[PDB]
Amino acid sequence: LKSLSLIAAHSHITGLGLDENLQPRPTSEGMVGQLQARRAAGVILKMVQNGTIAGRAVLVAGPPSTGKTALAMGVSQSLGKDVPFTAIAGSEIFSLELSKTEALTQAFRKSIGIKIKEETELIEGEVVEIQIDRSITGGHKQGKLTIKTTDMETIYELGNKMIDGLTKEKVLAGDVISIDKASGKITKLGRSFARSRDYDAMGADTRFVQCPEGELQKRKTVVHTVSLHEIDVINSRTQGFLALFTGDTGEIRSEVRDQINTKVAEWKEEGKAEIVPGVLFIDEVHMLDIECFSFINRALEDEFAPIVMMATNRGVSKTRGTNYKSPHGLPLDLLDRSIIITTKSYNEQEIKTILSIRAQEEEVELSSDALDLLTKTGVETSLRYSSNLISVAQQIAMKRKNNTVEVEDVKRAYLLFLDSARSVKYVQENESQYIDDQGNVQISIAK
Amino acid sequence: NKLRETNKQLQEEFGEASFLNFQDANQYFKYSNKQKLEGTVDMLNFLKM
Amino acid sequence: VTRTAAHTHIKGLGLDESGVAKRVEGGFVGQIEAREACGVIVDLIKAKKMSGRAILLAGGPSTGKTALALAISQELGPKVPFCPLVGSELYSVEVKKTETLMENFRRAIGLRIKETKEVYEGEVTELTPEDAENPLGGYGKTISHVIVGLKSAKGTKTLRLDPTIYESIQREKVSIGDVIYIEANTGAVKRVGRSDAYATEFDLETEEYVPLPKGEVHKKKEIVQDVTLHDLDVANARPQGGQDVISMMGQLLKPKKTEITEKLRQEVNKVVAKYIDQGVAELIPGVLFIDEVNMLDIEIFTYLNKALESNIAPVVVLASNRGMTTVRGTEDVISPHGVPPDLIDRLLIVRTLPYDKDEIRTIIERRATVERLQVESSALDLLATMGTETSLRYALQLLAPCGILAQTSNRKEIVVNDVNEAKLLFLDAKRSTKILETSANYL
Amino acid sequence: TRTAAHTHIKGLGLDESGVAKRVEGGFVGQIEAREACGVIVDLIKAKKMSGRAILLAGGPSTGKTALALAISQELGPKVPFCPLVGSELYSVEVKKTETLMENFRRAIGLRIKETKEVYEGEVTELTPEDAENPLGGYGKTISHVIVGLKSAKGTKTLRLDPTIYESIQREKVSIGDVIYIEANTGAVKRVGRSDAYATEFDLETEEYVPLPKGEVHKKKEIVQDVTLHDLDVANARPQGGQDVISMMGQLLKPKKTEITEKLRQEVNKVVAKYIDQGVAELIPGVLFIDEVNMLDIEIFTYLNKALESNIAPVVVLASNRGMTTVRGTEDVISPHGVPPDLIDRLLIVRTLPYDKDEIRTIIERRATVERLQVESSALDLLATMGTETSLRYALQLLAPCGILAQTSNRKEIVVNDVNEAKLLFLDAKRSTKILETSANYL
Ligand SMILES: Nc1ncnc2c1ncn2[C@@H]1O[C@H](COP(=O)(O)OP(=O)(O)O)[C@@H](O)[C@H]1O
Ligand SMILES: Nc1ncnc2c1ncn2[C@@H]1O[C@H](COP(=O)(O)OP(=O)(O)O)[C@@H](O)[C@H]1O
Ligand SMILES: Nc1ncnc2c1ncn2[C@@H]1O[C@H](COP(=O)(O)OP(=O)(O)O)[C@@H](O)[C@H]1O
Ligand SMILES: [Mg+2]
Ligand SMILES: [Mg+2]
Ligand SMILES: [Mg+2]
């Protein structure tokens, strides 16, 4: 709900359709079919939740529009928040500023995450008054200041070094400030509400917050969800957060990676920081360069190797970077250390159920015979085409203003918008009309 | 809350003539009501700001 | 006076309320199917419910793809954001094309923001800090908070001013008796100049002597300004600037463009959702238009295959004019319009149509009216003919030389002799290649 | 407690300069191979020969990387070990030659041992020792400074020459605060106030250190190890806080340039100056480069040039290639893709696949590492399918088998469970077959 509600390609699937025994219901959770694929995906998800072993890869095989991306994103949704999920593309990794090996290093680093906890001891209390004998005795006379809270109030002595500290961040009392118990650093939060009427207009500094409630100093632990890659960036540069936001990582050297791994191990054995299993997904990996393949093969054996998800619809074809072909357009070395999942095209029942759920997601009311003819189009055309057809038919219906989408409505929508087959036929029969590949096209109309 | 009590009391007392320019033009105490109403409204919206 | 560059003749699709396109309307003659489909696309975008859809326009050249795109852009209106784009524009040198195309995708959609601020004006007399009569034992009473009684002729108030706003006051080097303008929130300081009272003090002065603007001291104004999403993106990624030395250095650090991470975008999305729950802002969708797509790299096609999957992807309309063409960046991947089938699976194909002689006559006379140039019937017939056999573009290009030849003959109308002389002095592609066939040295 | 198809290797599994045990250190078979490996490890421990290279060749699933990790484990954390791949040599930021040079200098490491006596504890008392100056003067004259120091279960009073006053001025400590003193070089260091003084002030920012453990005077050892590459970077990269060069290091993009050879020769000279004195000592490292086939002819030529250096450590090469065209020249076809010039300059070891009994042992040992047990029937069928399909397909099916057994609540695996495990996932051969049998572009 916190993200955009705009209807994406798959706005109807939320999580995984499996049960506790990993048995998929035929129509559940928003995704239909792929029972074997659903069970395998749930196996992978359960193993990720286990996280006891790593350094494994998984790939899904199927034609376009079969649900590879749908299954991947449903697995990601069922994974839930606070578990680091990284989704990248095989094309964006080709960076003109970053080495592809270095980019893949960050891609692996972002997938794994770490939880770090920290305990704080600070003194919180509204100041009542401050009295320093700076003239009768001068020289840090160790004045007394009274600090109040909604439940308790005490007076605190001020030392010479405390006199110098309070000389900075000057407070005239009537103001809520807090001082760390350990480091003695005082933070000026904001005045009391009684100061709201001192002047009509104040700057951005003055604030009027409530008096702190309870005891004076309190103990609180803070847990942070911080993955490895951002720690690498912040350690690489004096100010690494700006490089994190802007992306100017500067090709972090591997020399600090061993140091950060040792620090992570130290925090793990100390219990300060714990790791969280992560998932990496890459779509359309069939296009990729052989250096990336070799680096993936190398990095898959490292201890810090999250599960890696691949999607590919290519048959036995040539790999980019080499002249020769290979199965799936991918080297057999990757196929050696991988598990492959097969996905198939949906049948007319699955297609009509998908159309119905997509129309429900689009909030587009339909007719039974209209649904039947849309399913006929979807089986003759591709599945992604009938969804767009019904999308356009919704606005054509509201143009007609007669509630549900009509049969003639879908017929006119199909007539107005060409299918891929009709487009290819029109191109072939009018190759003279179009600018051909060779660069020749007939401009004159009269013969 | 503590201000619009007085604001509404003043409006119910002399809100029909103090706010009127003609009555407030020549009246020893009606302008006092007018300016008090203006002042309480000013503090009201300034506190809201 | 009036400048025309192959356009401004069209005022949008101008379809009927039923969606039917009439024969002649808004610089469009005929072409019912494409105009009706474009109106359907307008109905898609105005629905304000769906995202990620896209469509490609196909056909031979000179058929009005640019005309239709400009028509839909015009009918959408300046309030509705639009991002034109050319295929060659994507290929950059600082950052990889993926960042540029995500930047355009964010630039597509916009968001108007409601905001309110406070206005202050008046002349300056006081430059004093807080006296702070009570020492309290911690203060050698003095503060970098100069209390100024804002002397406007209609009101005066003493303000405890921040060190930054007083520093900006010192930047203007104000003295006693000069109008000032300050902000409650930002504290922006601008002075219209010294008052006219001090004008007689100096016989000459670089500082301009100005009267006090009329109005109350404290004034409140509200703005509902519309700002696109990616201006906020770059502002959040890189601070815009400031008058202070620290801000000067900060903007001196990193002014070049780089990638944009999604975490800041999602935080901005969440705070915008909070605003729309508060009603401060309301989102508007966006349209992205790409020119001459056949040249795009296969990597761009693969990335755009997943770009539409994102929920933030707006409607992107596409134009291509190729037949059986291999995809650029590939070797054997050949498909209609040079685009891989995986992309076009989710796309909708719409095809433009050629025109009949009467259509050429109508467009020619519409153009002649556009450049307020009057032509005779015989010259109109000759232009329509030669446009049919040569091209529309050649006739449109030589329309102006015909009028120029008429004018240099002190004639306000184009005659047969005018177009004949223009054809004598200019040659189309066909006779260009005919001449270049019989070339001594590539004449 | 996590692993990635590894950590079952325990060194090389050798004996005291003899023949390695058949199944030792998570190893099966390749007794001659790992005996040659142990010979290599002994050569590395010798730390005498310079610029020696070796390559191991074989097919897939031969365990070359497992052997390389075995060398890394047998070396120990003290000996530096720098893995490398031919893919990362192609660097956008800087040329491949400089990346190779830096990875080369990363393997070698330098160790320094430092000795210094330490006097520490709470300052009980401070007093000067006034005396008479040799030249007559009305002013005072102090000849010594007596400091009373208190540590755990021991206190000490030490005389100090009055030159210690400058150090005490640089430190600003008077009483009740613990200090730090060293015997010969003198000087003072302040660590913090005594912990017993915290109750004096209710609120203060100074953390009060406790009384130091042990006696007042101590003599501890300092051991430090640094790679020569790190020393090169430190001598190259600028450092500062205020000077213009300091934030010229900032507000820009710090890029690694090609380090000048004069800096390298100067740091070698200072390493020599500190190793003959005995402070420093040099231990050679090793650069592990696997999939060297991916490297270009330029890298091979530079390796040929650089293998003769006298700060050249042993380098181990890993590749599964054989008679294959060399990257850079299609006509040149050389064994393992490496040009023969390097091959003559290095040694070569052949690797062979694993037998059915060895695969059975591998499967059972991996199951024990996984802490999941396999019965005889499933073990036998898994060994058979691994022999017929591939090593990795059998190796990686343990996790799905375990999770499927957990779903049925059985701790161990059974015949139908592993049958289902085979059913869900397909190997490379099945993938290829379904590829040719599918006409839907799959
Ligand atoms: N389980 C499912 N339920 C409903 N629709 C699905 C499912 N799987 C795929 N689809 C349809 O497939 C289309 C997206 O195909 P996609 O999976 O992205 O292709 P690819 O497998 O090449 O990534 C969507 O329009 C969606 O409607
Ligand atoms: N049906 C039409 N009605 C009116 N003008 C048209 C039509 N078709 C093309 N044009 C003219 O074509 C010009 C733009 O051509 P353009 O669309 O850029 O060529 P292409 O078809 O190669 O994209 C416009 O100035 C417009 O006047
Ligand atoms: N002697 C051995 N005993 C048990 N397992 C081994 C042995 N040698 C290799 N392996 C296995 O080989 C795997 C490493 O293979 P690797 O070197 O990456 O493949 P390749 O040698 O084909 O490049 C390890 O996971 C390990 O289980
Ligand atoms: Mg997909
Ligand atoms: Mg054109
Ligand atoms: Mg290996």
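Please read every residue number as a count from 1 along the shown chain.
The way this entry was determined, per its header, is electron microscopy, 4.7 Å.
The backbone N, Cα and C atoms fix where each Cβ goes, and this holds for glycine too.
Database features, via Swiss-Prot:
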type    : residues                                               : note
BINDING : A:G62, A:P63, A:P64, A:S65, A:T66, A:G67, A:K68, A:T69 : ATP binding site
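Around the Cβ of A:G62 (ATP binding site), the number of neighbouring Cβ atoms within 10 Å comes to 23. Residue with the densest Cβ environment among the binding-site residues A:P63, A:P64, A:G67: A:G67, by other Cβ atoms within 10 Å.
Note on A:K68 (ATP binding site): other Cβ atoms within 10 Å of its Cβ, all shown chains, come to 25.
Within the group of binding-site residues (A:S65, A:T66), the Cβ with the highest number of other Cβ atoms inside 10 Å belongs to A:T66. The C-beta environment of A:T69 (ATP binding site), restricted to residues of the same chain at least 6 apart in sequence and closer than 8 Å, consists of A:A9, A:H10, A:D283, A:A311. In this structure, the binding-site residues that sit close to ligand 1, with a C-beta under 6 angstroms from any of its atoms, are A:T66, A:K68, chosen from A:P63, A:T66, A:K68. Proximity to ligand 4 at the level of Cβ atoms, with a cut-off under 6 angstroms, picks out A:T69 from the binding-site residues A:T66, A:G67, A:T69. Listed in chain order, the extra residues whose Cβ falls within 8 Å of the Cβ center of the ATP site residues A:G62, A:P63, A:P64, A:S65, A:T66, A:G67, A:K68, A:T69 are A:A70, A:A311, A:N313, A:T343. Applying an under-8 Å Cβ distance to chain C, the binding-site residues A:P63, A:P64, A:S65, A:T66, A:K68, A:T69 reduce to A:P64, A:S65, A:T69. Applying an under-8 Å Cβ distance to chain D, the binding-site residues A:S65, A:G67, A:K68, A:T69 reduce to an empty list.
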